[PDB]
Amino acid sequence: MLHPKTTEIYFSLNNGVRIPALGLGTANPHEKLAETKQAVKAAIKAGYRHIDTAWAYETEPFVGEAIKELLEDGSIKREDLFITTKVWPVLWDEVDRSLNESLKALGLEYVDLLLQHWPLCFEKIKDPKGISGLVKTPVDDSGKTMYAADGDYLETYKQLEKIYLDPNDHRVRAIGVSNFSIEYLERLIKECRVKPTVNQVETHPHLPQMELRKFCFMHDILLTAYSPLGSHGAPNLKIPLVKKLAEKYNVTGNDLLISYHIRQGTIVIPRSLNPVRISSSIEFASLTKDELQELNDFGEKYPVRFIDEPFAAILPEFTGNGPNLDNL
């Protein structure tokens, strides 16, 4: 049939390393953490060569088990895959520890990309039933987030740079950030040495993020789009214009919402636990400038930020109140 599939497209990071434009997202519900394994296996067999995970997801062990099985049966080699993981704000000042923990969970010797997950620092609160004996997102009795006082979010990135630049340390192939604003990127660029290869952020037709895209392009940073379907229940499939363009280019809604990013040179990581959904939705709809313009217009007009949890409220672009339901 017709090519490229979205599994066949590769963008270049600013250190010359290639990344598959399309990745599998694995921030799956706590109730279904084990189902990640089959989703990853299904993704790779359908041609995905990029898996996105994180220390905070609790899915690393299941991504690792899927990879181990495909390695062992000869379906894939390690060098064929691109694995991304992230350092959570609770370990903002212990990056070495986070990476080693992620490596142990994944059953891997290296990751391709290591991200600072948030420009945030959390206090370390003990919980034996938490991740690595720690509360994920600590709050006090009032219900507000416990940030590390005198914690600098840029300390995380500095620790990333050290590991990335150590010539006898082979644990990462690239570093980056997630949920950084233009202002935070500017501070990083001023104060740090290594240009982040990616800034991973929420974006899609309901949040086109034009300014950030422009900025990152100007400064040699690729966007990775998270929650491209709008997270729980994939509300972005129910946008009329999406349904319309999907129809024209003979693709599924998932395909179109994937292609919206890849067309603009944005890496994209839709999440699914559904093997047949993962497998089918690998078609490319090569949107016109004008069609992109329409899609972007829509998001300007009806902005919805689905990922805006309370812990993020202290950051300029975030409210902590979650999505504006009215714009749906």
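Note that residue numbering follows the sequence shown and begins at 1.
message = If you take the mean CA temperature factor per stretch, which one wins between 81 to 89 and 215 to 223?
response = Mean C-alpha B-factor is greater for 215 to 223.
ask   = On average, are the C-alpha B-factors higher in 290 to 298 or in 259 to 267?
value = Going by the record's values, the stretch with the higher mean is 290 to 298.
key: Identity of residue with top Cα B-factor, from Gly176, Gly133, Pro119, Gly107   = That would be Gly133, according to the entry.
ask   = Hey, out of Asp96, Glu161, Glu202, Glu247, whose CA B-factor is highest in the deposited coordinates?
value = Of the options given, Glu247 has the highest CA B-factor in the PDB entry.
query = Within this chain, which third does the Cα B-factor at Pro196 fall in: lowest, middle or highest?
reply = As the PDB entry reports it, the C-alpha B-factor of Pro196 lands in the lowest third of its chain.
ask   = In terms of the chain's CA B-factor thirds, is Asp73 lowest, middle or highest?
value = It falls in the middle third of the chain.
Chain-relative CA temperature factor third for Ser281 = As the PDB entry reports it, the C-alpha B-factor of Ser281 lands in the middle third of its chain.
ask   = Based on the entry's values, in what third of the chain does the Cα temperature factor of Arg187 lie: lowest, middle or highest?
value = Middle third by C-alpha B-factor.
ask   = Within this chain, which third does the Cα B-factor at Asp150 fall in: lowest, middle or highest?
value = Tercile = highest for this residue's CA B-factor.
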